[PDB]
Amino acid sequence: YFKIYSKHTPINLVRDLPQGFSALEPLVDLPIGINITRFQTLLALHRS
Amino acid sequence: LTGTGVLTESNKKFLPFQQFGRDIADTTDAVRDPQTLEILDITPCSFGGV
Ligand SMILES: *[C@@H]1O[C@H](CO)[C@@H](O)[C@H](O)[C@H]1NC(C)=O
Ligand SMILES: *[C@@H]1O[C@H](CO)[C@@H](O)[C@H](O)[C@H]1NC(C)=O
């Protein structure tokens with residue numbers, strides 16, 4: 001099971017992670033049962 | 001979740017994922033019911049020595 005936990009906290013600190021506490025509630029559990037050893041982030045492009 | 005006890009209304013702020021919150025002795029203390037998604041207390045039926 002691939003579980004996802006999440007939290008969205010309003011911050012304004014410029015660069016690093018904030019100094020404080022914030023708990024991440026579970027969001028959805030995925031009954032997938034696959035072999036995972038790698039992951040990759042997805043981004044977007046900008047053409048003007 | 002078989003068990004015997006008196007059900008009441010609960011003010012325990014069960015977050016959406018939380019359903020069947022326990023106590024120290026790992027026995028259920030407050031359960032969120034099926035078919036209604038409403039939160040109830042479980043305090044045991046009154047007992048004591050004689
Ligand atoms: C997942 O793949 C790796 C090879 O990259 C292998 O060594 C491992 O046994 C696999 N695990 C499962 C659960 O299939
Ligand atoms: C049936 O159960 C669902 C929760 O799975 C609930 O949202 C719904 O209100 C229930 N309907 C009736 C008629 O009890």
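The figures that follow rest on heavy atoms only: side chains count, while hydrogens, waters and symmetry mates do not. Note on naming: letters A, B, ... go to the chains in the order of the sequence lines (proteins, then strands), and numbering restarts at 1 for each one. First listed ligand is number 1; within each ligand, the first listed atom is number 1.
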Heavy atom of the protein closest to atom 4 (C) of ligand 2 (residue, atom name, distance): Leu37(B) CD1, 3.7 Å
From CD1 (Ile32(A)) to CG (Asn35(A)), nearest 0.5 Å: 10.0 Å
Distance flag for atom 7 (O) of ligand 2, protein heavy atom under 4.0 Å: no
Exceeds 12 heavy-atom contacts within 6.0 angstrom, atom CZ of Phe2(A): no
Taking atom 9 (O) of ligand 1 as the reference point, the nearest protein heavy atom with its distance: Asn35(A) ND2, 4.9 Å
Donor-acceptor contact present, side-chain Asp41(B) to main-chain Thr8(B), <3.5 Å: no
Atom 14 (O) of ligand 2: nearest protein contact (heavy atom, Å): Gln35(B) O, 3.5 Å
NZ/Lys3(A): more than 12 non-hydrogen atoms of other groups inside 6.0 Å: no
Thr28(B) side chain to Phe20(B) backbone, donor-acceptor under 3.5 Å: no
Ligand 1 to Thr37(A) polar contact by distance, N or O atoms, under 3.5 Å: no
